[PDB]
Each structure stands twice: as C-alpha cells, then as structure tokens.
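Listed in order, the protein sequences are those of chains A, B, C and D. Just so you know, the first sequence maps onto residues 24 to 67 in our numbering. Just so you know, the second sequence maps onto residues 70 to 935 in our numbering. Just so you know, the third sequence maps onto residues 30 to 98 in our numbering. Just so you know, the fourth sequence maps onto residues 1208 to 1305 in our numbering.
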Amino acid sequence: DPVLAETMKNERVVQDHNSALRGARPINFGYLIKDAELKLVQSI
Amino acid sequence: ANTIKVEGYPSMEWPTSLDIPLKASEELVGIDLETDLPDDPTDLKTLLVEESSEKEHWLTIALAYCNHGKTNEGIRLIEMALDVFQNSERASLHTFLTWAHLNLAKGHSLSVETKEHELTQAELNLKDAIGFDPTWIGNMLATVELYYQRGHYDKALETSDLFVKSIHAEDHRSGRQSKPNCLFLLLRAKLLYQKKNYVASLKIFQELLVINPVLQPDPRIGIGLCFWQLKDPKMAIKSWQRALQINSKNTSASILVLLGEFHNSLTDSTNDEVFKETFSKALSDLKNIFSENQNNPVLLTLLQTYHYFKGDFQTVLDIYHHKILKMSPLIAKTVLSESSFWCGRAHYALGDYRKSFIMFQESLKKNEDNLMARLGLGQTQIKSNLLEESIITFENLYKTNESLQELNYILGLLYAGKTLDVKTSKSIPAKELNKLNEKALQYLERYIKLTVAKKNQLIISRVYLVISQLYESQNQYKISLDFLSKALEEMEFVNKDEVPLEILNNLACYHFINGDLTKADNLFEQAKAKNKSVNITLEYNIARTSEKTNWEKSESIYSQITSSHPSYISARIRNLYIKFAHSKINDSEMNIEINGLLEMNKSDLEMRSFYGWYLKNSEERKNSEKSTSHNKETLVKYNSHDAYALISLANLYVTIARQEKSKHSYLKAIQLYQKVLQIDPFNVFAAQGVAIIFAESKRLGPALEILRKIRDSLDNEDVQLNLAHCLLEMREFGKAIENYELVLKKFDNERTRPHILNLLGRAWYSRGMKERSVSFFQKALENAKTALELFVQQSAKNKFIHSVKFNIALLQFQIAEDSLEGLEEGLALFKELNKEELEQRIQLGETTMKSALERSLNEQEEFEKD
Amino acid sequence: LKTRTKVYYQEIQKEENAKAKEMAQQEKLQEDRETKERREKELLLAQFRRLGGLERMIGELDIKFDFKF
Amino acid sequence: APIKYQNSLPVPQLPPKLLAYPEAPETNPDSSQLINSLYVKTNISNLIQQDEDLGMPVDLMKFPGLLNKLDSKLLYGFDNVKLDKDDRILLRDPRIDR
C-alpha cells in the first residue's frame, strides 16, 4: 500500500503510549524514588 | 540652458557677442557666438591671423566653440594659434588645451585608450604651461584635477592643501586678503567625500552655496550626496530636486531625482494604488532619461532591477554582458558591484548557483560592503549544500547588522532546522542540542521584536510555526500550542482562506490532548474540507475524536479505513476496542481477530500493549499464564525500559504478592516501580503503585498524601476509588463516603456501581456502628438494596451476591432497633441465609424482636394518642 | 574668520536646525492624529510591502520598454 | 467489601496523528523574497554616486574671463547673496529629525 506509506511518512506522533500515561497535569514525583526506597528498605 | 539661472542670483554667463577690430581702425566686425561660428575654425583663423588679432580673441572664440559642443573644433583652433603665437605667449593656450583635453576625458561614451590619450595630452599641455607660468591658478587647479582624475586622491589632497598654504602665504606677505577659491573648496570637498569624511565635505559643499549659488558644478549635488551618506535621504533628495529645479538641463541632477523617486515610491507609499503609479512615473522618467543616456551604468542597472522584478532574467544578463562588461574599467566600483549583484540575482533565479556564486563574489570584490550581495552569497551557499559555510557568512554579517530582521530570520531558521535534525541529535551531546535550540529561539524572537517595534511591517507567519516546532520537540505542549495559535491568527489576518491543511489539523490534535473534543472535531473537519494521505490521516483523527460522542460515527469511519486500507494499525486497534466496548462483538471473534492482529505485527510494541490490555482488562484471558508470558516477552532479550508493559508486569506481580516469597514479590515490585520512576518521574501510574504498596501494608499516612497528589493529574475512577479506599481504612467516613458519590459521578461504569455499593455498605457500617443512628441506617440500607439488585441483575455471580445479601440482612437487623415491616423482611432474608450459633441466635432473636417491636409500636401509638 | 559668509551660513544653519528639531518634536504628538493611525493600518495590509508583493505589483504595471540589449 | 488496590493501566491511547508541513519555498532561508524585502528598504543607495566625479565635473570653461582674459575673479564667488528658502534649508545639519 504505497499511498499508506506516504500517509505514514507524513505523520507525526503527539504522544506515544508512555507519554499517554501521565495524564492531564504533571506532578513532580522526583522525591518518590528516594522516599519509597528508604521506607521499603526500612521494612527490609 | 547649461547655466544656472535663478531670479535675484548672480549669473556666470559668457559674453554672447564678440566683435573684432579691423587692422587700422574700422573697429567693428561683429561675430555672434551662437550663430556665426563657422563649422571650420580655419575660416576664423584666417581672420585672426590677418588683423594681427590678440591672443584672448583666439581663446574666446575657442571657448565659445567648446561651450557649444564642439570641443575638438576649438582645440584645433587654439592648436592653430600655437604656431602663430610664440614663446611664453602660448602659456595660456596650453592651459586652455589642458582643460579642453580634460573635458574630452569625461564620459562613459568613451574608451580606455581614448581616455588615456586625452589625459596624457592634458598633462603634456600642462607641463608646457608650467614651463612658462607655473604659478597661474589655472595650471595649479589642472594639476590637482589631473591627480583626481588619475585616482590619486590623497596625493591630490596633499598638493591642494600645499597650494592653498602657498597662496595664503603669498597674500599675507603682500598684505592682501585671501578669498576662498571655490574650485579648491570643491576639489577638497570631493576628495573628503572620497575619504568618507562626509561631515567636512558637507560643510564645504554648503558654504559654496553662500559663496556662489550659481557655481556650476552644483554643490547641491554634493550636499545631497553627503546628506545621503549621513543617513538623511529626505534632505538629499530635496537638494537634488533643487539642483534640477535650478538647471533643468543638469543630467546628474535628473538621475539623482530619478533615484530619489524610486526610493520615495518604495518607502513613502501607503498602498498599492499609490505605489503602482509612483513607481510607474519613475519608470517612465527612467525610459525618457535613458533614451539619450544609453551608456549610463546607473540607468542600465535600474533597467536590470526592473527586468528582474519583471521575470525577464535574460535581459538582466544581457545588460551585464553586453553593455556594462564592455565599459567596465570606466565606471565606478559601486555601480559595477550593483550591476554584478543583479546579474547574480538573475543567475540565482534561473537555478545556476555556480554563476550566481561567481557574480556575487565579483560584486563583493568591487564593494565588500554590498550587504545584499553578501546575503545572496549566503543563500547561494545554502543552495549549494554549503550549510555551515552559509551560517559562517551570515554570522559574520551579524556583527555589523545585528538588528537586520531578515538576517535574524535566516539565522534562526538555519539553527532551528539544524536543531530539528536527527543526525545532529545522534552526533552531539544533549546539552549542545539544547544550546542550539536556544540560539535558534534567540534569533527568531529578536526578529519578532524588531518587526513589531516598527509597527508598519508584517510578520512572516512561519516564524511562529518554527518556534512551535522547537518547543514541541521538548514536550512543552503549552507554548507550542500558543505559538501555533498565534501563527493561525496572523496567517488568517492576511489571505483568510489559505492556511495550510496541517495547521488546523495539528491545532485540533493539541485541543484533543488538553480539554474536550468540541473544537478539535471542528478543526479536523475544516481540514477535511481542503492528497490521498491526508484523507486517511484526518479520517482516523475524526474517528478518534468522536469516541465520546457518536461512538458509532467512529465505528463506521474505522471500518471504511480498514475496508480500504487494511494495514493502519491504529485504526484496527481503536476499531476493535470501540466496537468491543460498544458491544458489537463476542469474546471469541475478538481473540481470533485480535490474535490475527497480534502476531501480524508481532515484534513491536504498540499492538502488544492493546494485547495486554485485552487479556488483563475484560474478557477471557485474566488467567495470568499468557500475561506472564507475553508481558515478559515485551522485555525479554530487548533492552527496552519502556513503561507500559514492565509496569503492568510489576503491579500485576504485586497483585500475586498479596509468606517469605510474599516478601520476595513485594520487594520485586518495589524495585520495578523505582526503575520505571527513574526514566520518567511524571509516570503517574508508578507513583500510584507506590502509593498502593504504601497503603496496603498499613503505612496509610504518606499513601493518602501520594494519592491526593496523584488526583491532581489523574482523574479516572480507578485512582479516586483507591483514594476513597485508604480513607475508610485509615479513619472515619466522610473522607471515605464523600469520594464514593464523586466516584459514581465520575463515569457511567456499571461494574463499579456494584464495586461501589458493597464498600458503601461498609462506609455506613462504620458510623452507624459508632453509635445507634436510626435516620442514617435507612439510607445505608437503601444503598445496600441497590447493591444486591445490581448484583442479581447481571451475569456476575461472585461472592458478591452472598455477601451483598448478608450486609443487607445486618442492616435490616440494626434498623429494627414502618419499623416492624422492615423487621419482618429482615427475618425473612436472614432465614433465607440459614453459622450455627448465629442462626440459633436468630431463632431466639426473632422470638425477642418481633414481639418486643410490636410492644414498642403499641407504646408509641398510645403516647401518640395523648 | 568673521566673514559675512561664515556667519551667515552658521546662523542660517542654527535657524533651520531649530525649526526642523521643533517640527520633529511636534509631529507625532499633535500634528497628524485622531484615527489617522488606523489608516496607517491600511499601510500594514499593503501588497507591495510584504513577501512576494514587489514582483506581483511590478508585474501588474502596464508600462514596459523596447529592449536593445 | 475487601480492600484490593488495582493499578489499572490505561487503554493504549494513541491520540490523533500530527501532519508535517509542506514546502514553503517563499519563506525558506534561501528565498530571494528576503532580499527583495530588504531591497524595499535600502534600494538605490549604492547608485547615488554615479561616477568618481560624484556628478560634479570641474570644467573651468564656465568662468568667463578665466581661460581667455586671464581674469580669475569669478573663482571667488559673489558678495552678499541672500539665499532663497530652498537653498537655506539645505544649509542645515543632517539627521535632525531625531
């Protein structure tokens, strides 16, 4: 399907499926790794 | 009228009649210099030799000859007096011959050999005259003028200053006052203009007006030149207009007025109506002035510009190669540079970039400050795949032309196109990539600043598109959308219908990303109105934009995309989903089709995601065997850190973790949560799984905080239900209940209304059990009733029917504390539920409760009586 | 150096400079205003003054030459 | 009801596709229209100087009495000329509209 190949070559992606996850707004969550690792290694 | 004539001003007009005395006193032979001049100077030479005529009569008649356009005839006539007058009487004759040969070497209707011959004859007669009378000002002025005409400008200035010094000294020695010599002042002002000292030359050219407003060479030409070079075109054009008004036969003044007409037509015009006639008058004047000055390089270059703007590129090349190139050594370097610039423009428009490069290079060789020629050279470098070379050219131009709007636009587009290239992202580190993006934004935003400051000029609408692309690459959707909108406005604020298809489509995609799909469908259809590829693309976009309203309008477009182009993966995924979630399918023909689509595009990831969602989310494949196998397969022997499938694996592994290997599985899930949080902190679902693990194992303090934060981005029913779960576990009811009604009004999920009503029974359990409450218990019971109804109606026969029924039984029992009627229904349902001790308690409690409630009711009726 | 030529030139220079500077000052504030600015928005929508318009307009011109080159 | 936390991943949301822009050769950096936009501003200035003589040829054949009667009186101008207003405005300094 060559016309479809032209379609594909003329198409950009606004959000791949990982980008789709985050939602309507962005929350930092950069502290979550630190706090989670600490609290769950205290239980370790 | 080759002489300045103004009412009230002096006049430097020659005696129009000369009468010669006859030898021995019949002293009236009239010779009228306009009319009675023989075309053969020998006829008057005989008269002059006969009557022993004076030397000045010879000179006077020869000057009258030369001032009528017959310089060769007068030259001959004085050359005939050279062998008559002899020995120091011929000094003034040599001065006249010097100046006449100087006049003959003035014009581009000449040759290099002819000009050299006339200049050499001039300086030869000058040597002869200096031999006799070296201090007569005619010879000194001829010296300085010869130096000027041979290009030796600072040497001429040196000798002119020395001559002025000597004259001042001689006059100061003899007590007489030195008046300014207008010719020395003129020469000095021209030499200073050559020195690029425009202010001093302007002052001299202005003082010459006061000393003599009739001076031919009109100083006004020079004051206009200096006004122009000092960035005052108005007064320059005014002075040239004055010079033409004073002598309508001055051709330099007319050509300057013509250039000024072109300039004013291009700048002062406020609309195309005024411009098309001002420029037309300029072109007609150009034609007329050209018809008798066909060797004029300025007029020829003007013709070149016109024919370029007319599309006649061959005539530009012809003017260059057939007129200018032949008289090339005789014309000034700047005019040559501009004509070569126009030849190069013609080459550039014809696609010949080698010749255009050569021509712009020649133009720069003749005038390095030819700004537009350097721009053409940079554009030729762009065309010749010399990108970095063009950027070097433009950035070197930027040091002096920092506020040039077109140059900022060019450099910004260049840097942006370099930034949006994949090769450069592969070749250089990321920080350099972002510095490049920043530099492109720098140039483009400075261009926008410069163009808005001059509120008369229109913005090139593309710069906003490029800024939006630059911000889009960095996932800053907000600024990109704002710049795309700003481009749409200005784009539609000129030519209201020709906006490119892609602007409305991409704006609609952005409006789909954030907010509802009302304007997105509008823009998608406006793009559909105005290429086979665009049809498929925006048809998928419209079908994807309707999945919330007229779901079945989406189904049809999806089918006909698949009914004619059965290889668009997104169309098939979304189609199977939409009609699946709209219930035009059974679980078997899903699998088949989905499996057909699964291992069709087996290897890569998007389809797989949908595959995972099928198994996990709704029908048959909840069994984890396939899930483990395939959601691992997404990561087996690939390096993919991708978030969806590995997060599914992690969280559905912690679902199994729900007992030393339980510790094992919990720490595995925590590990994977951290790992996926590393690559993307904004991954809301990883933080939500961490809130789950925090909330599950009795650390429901920070978990509620994390969930409260998560709801600021995610707004699904799932995470909010999770929120309301942790609040019931942690504390009292309103935080728990307040969120369950908000769950129900989040989505029309008929399965989660079941999911809601049992834990709603729990929520009203906890606080009617805090203390006896007879008004709240009944609405608790109502919610539990709706629970059991929703569980009996559906094809769901889980533990839910049993448990829902009991919770209602306990609600009935506690409400009996139309009271007896609910009590009887409670007895009935608890008998239907008939562990052992509980049902024997039920027997004794029926015996107690039915009678005791009848007692309470009769007591209540008796006290209602009174 | 106190000649009538120098002094005359300098005082005419002074007078014309003063006149022109004062005229430039009073131009934008008072001389031409009251919605004539928005007629200069017509100048904004000019074809010859925007991209590609110079050729187009010049193409529309009826006058042309009889070439000899 | 039991408590059971579910990190329900979203549906593989592939939103509408974007379209790349077509050719705009008039607005590319290699466009001659930029040079024409510049021409509208600085158009004919490299032409005001017509020759090295600056349009002001020195003749000496325009001063009566000079080249014939050896009377160099007209090279020193005239006395008490009262310039017209057009010639007097020309005497002012440049760029005075600032």
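Positions of the beta carbon are idealized from the N, C-alpha and C atoms, including for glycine.
- Within chain B, the residues placing a beta-carbon under 7 Å from that of D:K1276 are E125, ordered along the chain.
- Residue-level contact check: B:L482 touches chain D, since one or more beta carbons of chain D fall below 8 Å from its beta carbon.
- Taking a C-beta distance under 8 Å as the contact criterion, B:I642 and D:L1221 qualify as a contact pair.
- One alpha carbon belongs to B:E931, the other to B:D887, and they sit about 16 Å apart.
- When the five nearest sequence neighbours on each side are left out, the beta carbons in the same chain lying within less than 6 Å of the beta carbon of B:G143 are those of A131, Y134 and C135, in order along the chain.
- Between the beta-carbon of D:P1217 and that of A:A43 there is about 6 Å, and that keeps the pair under the 8 Å contact cut.
- Bounds of the beta strand (DSSP E) holding B:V98 are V98 to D101.
- Across the region 285–316 of chain B, no CB contact with chain A closer than 8 Å is found for any residue.
- DSSP, reduced to helix, strand and coil, places B:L87 within a strand of the structure shown.
- Contact note: A:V37 reaches chain D through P1222, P1223, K1224 and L1225, using a C-beta cutoff of 8 Å and chain order.
- Straight-line measurement puts the Cα of B:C412 at about 22 Å from the Cα of B:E458.
- For the pair of segments examined, the region 442–449 of chain B was found to touch the region 1225–1242 of chain D: the number of CB pairs separated by less than 8 Å reaches three.
- Closest in alpha carbon position to D:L1281, among D:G1272, D:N1287 and D:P1232, is D:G1272.
- Less than 8 Å divides the Cβ of D:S1279 from the Cβ of B:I206.
- According to DSSP, A:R35 shares a beta bridge with D:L1225.
- Taking 8 Å as the cut-off, the beta carbon of A:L27 is found closer than this to the beta carbon of B:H634.
- Where B:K555 is concerned, the enclosing alpha helix (DSSP H) starts and stops at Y546 to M560.
- B:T469 is the residue among B:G420, B:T469 and B:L419 whose C-alpha sits nearest the C-alpha of B:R443.
- Here the C-alpha atom of C:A75 lies approximately 21 Å from the C-alpha atom of D:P1232.
- Assigned with DSSP and collapsed to three states, B:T855 falls in helix.
- Contact check for B:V98 against B:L91 passes: the beta carbons are separated by less than 8 Å.
- Straight-line spacing of the CA atoms in B:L399 and B:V181 works out to 7 Å.
- Taking C-beta atoms under 8 Å as the contact rule, C:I92 and B:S349 qualify, at a distance of about 6 Å.
- When the alpha-carbon of B:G895 is set against those of B:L483, B:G420, B:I877 and B:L355, the nearest one is in B:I877.
- If you look at B:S360, you'll find it isn't in any alpha helix (DSSP H); DSSP assigns it neither H nor E.
- Neighbours of D:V1247 in chain C, taken as residues whose beta carbon is under 7 Å from its own, are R78 and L83 in chain order.
- The DSSP-derived three-state label of B:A133 is helix.
- For B:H237, the enclosing alpha helix (DSSP H) begins and ends at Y222 to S243.
- According to the DSSP assignment, B:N172 belongs to the alpha helix (DSSP H) that extends over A160 to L173.
- Judged by DSSP in its simplified three-state form, D:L1267 adopts coil rather than helix or strand.
- Assigned with DSSP and collapsed to three states, C:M52 falls in helix.
- Taking 8 Å as the cut-off, the beta carbon of B:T129 is found no closer than this to the beta carbon of C:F98.
- At the C-beta level, B:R613 and D:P1223 come within 8 Å of one another.
- Between B:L284 and B:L294, the C-beta spacing is not below 8 Å.
- Listed in chain order, the positions of the region 338–351 of chain B with a beta carbon within less than 8 Å of a beta carbon of chain C are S338, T339, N340, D341, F344, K345, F348 and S349.
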